[PDB]
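Structure first, then comments.
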RNA sequence: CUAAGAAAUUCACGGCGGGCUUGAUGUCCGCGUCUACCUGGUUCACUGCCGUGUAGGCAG
């Protein structure tokens with residue numbers, strides 16, 4: 022999203038910490054609204070916003086700058102495959118690599 | 001029907017200042033190298049003559 026949206030994403034990630042409010046932003050009414058200090062209708066509208074932000078909310082489409090390669094079928098036509106950059110996977114491999122390269126274990 | 005398909009890096013520049021590397025030294029004892037072979041495989045594509053001839057042959 023936009024970087025101003027990433028500010029609200031950091032706020033939501035900070036709200037997830039400490040209590041069980043990361044899974045309890047949606048699944049709670051009294052403990053959520055009493056801490057939020059809003060009306061019950063406003064609390065329901067706020068819970069719907071977090072439920073929508075957790076969901077995808079994207080129409081299925083690709084772009085012209087993406088890859089969309091052809092794979093051949095066994096004795097048949099072809100299929101289009103649009104490969105997506107795995108971001109969580111490289112973040113995990115990057116965490117493992119920066120752990121292996123530097124730590125008190127690695128430096129020791 | 002290829003993580004497909006596309007692309008201008010680039011302009012300019014002072015690295016130089018100077019210097020003692022020295023003294024000293026035991027390489028050394030000992031040793032069985034042997035046995036057996038066809039340089040020819042056409043291996044010297046030569047030398048001279050008749051013929052104007054490079055054309056063609058001759059003689060050793």
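Residue numbers (this note's numbering): 22 to 129. Ideal placement from N, C-alpha and C gives every residue a C-beta, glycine not left out.
Straight-line measurement puts the Cα of residue 31 at about 22 Å from the Cα of residue 55. At least 7 Å separates the beta-carbon of residue 83 from that of residue 64. Taking all protein chains shown into account, residue 53 has 16 or more neighbouring C-beta atoms within 10 Å of its C-beta and is therefore buried.
Sequence-distant Cβ neighbours of residue 42 in its own chain, meaning closer than 7 Å and more than five residues away, are 36. At the C-beta level, residue 101 and residue 89 come within 7 Å of one another.
Using a 10 angstroms sphere on the CB of residue 46, the tally of other CB atoms reaches 16 or more, which defines it as buried. The distance from the Cβ of residue 127 to that of residue 121 is about 6 Å, consistent with a contact at the 8 Å cut-off.
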